[PDB]
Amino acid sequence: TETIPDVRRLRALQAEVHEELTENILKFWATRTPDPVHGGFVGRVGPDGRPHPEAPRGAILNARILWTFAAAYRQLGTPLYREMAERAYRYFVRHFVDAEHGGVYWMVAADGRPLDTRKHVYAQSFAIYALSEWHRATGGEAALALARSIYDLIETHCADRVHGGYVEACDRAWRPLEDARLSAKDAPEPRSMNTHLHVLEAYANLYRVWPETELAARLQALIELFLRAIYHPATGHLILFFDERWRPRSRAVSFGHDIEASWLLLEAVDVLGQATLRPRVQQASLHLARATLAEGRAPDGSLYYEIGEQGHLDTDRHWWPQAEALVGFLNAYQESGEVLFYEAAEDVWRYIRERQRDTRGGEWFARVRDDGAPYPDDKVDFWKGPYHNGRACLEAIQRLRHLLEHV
């Protein structure tokens, strides 16, 4: 009694996603961004497509490059992707990893000198995520050892054992900082959904390759924290910021984070095999997906950016909520069998192809205005890597593969 798109549509979508990933996204990243002056990858590519090999380089961006090429190599086998992942890994271990205090710096100069040595848990998480993926792709001993060491440092220096969750930022020597903001956009609050979501993402990937008993407990605790404190059943949205006891300190809504968490939370419970927790997670996941469907979309099926603290709807289409909606809506279809979620995934894909991707300049525009005008944002910067859209394509390809095997 399944309602399933026919084989032609499934395969056509899967082929388009594969083409987008390999002939647009990963081609852009492998050709435009490697830096032969300092090694590794440039920190910025302007709106005109010009790379900036002297720009400062973010740990999150470089972890995202490593993760994406590692994952693409694992799933597709293309040798260039292993080469690019190795390139990212080598620069990462050389320069971003703090050999003295452990963990990864926030920002290095292009030549590798530390510039911002804070140890932000969000960056530590992306390091774990990328290093565990590189281990998954290669069996790399050192990659896994490094991921485990960063996990240990997060638990040792940042875990709030009274209230759950984590202090989100420390200085180089792991002393907590008051200002845990990722950027000026973020509320000056001690706890954020965003950082905790990516701890969960990292821990789930680490557990997949290293099923340590204590890590399972920490990951389950994070799932339970989302269910009890962050997910808001009255509205179907994640609460974004909190004090240390998880009292809400924001009313903003992030549609992209809702739909990302919708599928990441289920990936996390399934990595654990926690069948007892899964019904509650699936319920919250489907709720987040329905709330996104009903409240976060433009009539073309693309996702708006946010409802701000004053209630203003930011109608800009940022690139990464569209990517996360592609995966999250496909995932919601897989979980519920409700083909309306597949229709929604198809609609966001069509928007990605017709508006968000930059056919002339390559990759995807960071932002498209409500009237269709692409903003002249950088194509690559501290916050724009290949991970959201690369992962989204890889996820969709594999999910469509599974759906194709239902026949």
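From 1 onward, residues are counted along the sequence shown.
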item: Comparing 191 to 199 with 274 to 282, the one whose average Cα B-factor in the PDB entry is higher; value: 274 to 282
item: Mean C-alpha B-factor comparison - 172 to 180 and 100 to 108, higher one; value: 172 to 180
item: Maximum C-alpha temperature factor, selected from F241, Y81, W210, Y304; value: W210
item: Selection from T68, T359, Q356, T33 [criterion: highest C-alpha temperature factor in the record]; value: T359
item: Third of chain Cα B-factors occupied by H318; value: lowest
item: Position of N205 among the chain's modelled residues by C-alpha B-factor, lowest, middle or highest third; value: middle
item: Relative C-alpha B-factor of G165, binned into the chain's lowest, middle or highest third; value: middle
item: Third of chain Cα B-factors occupied by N331; value: lowest
item: Assigned third (lowest, middle, highest) for the C-alpha B factor of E86; value: middle
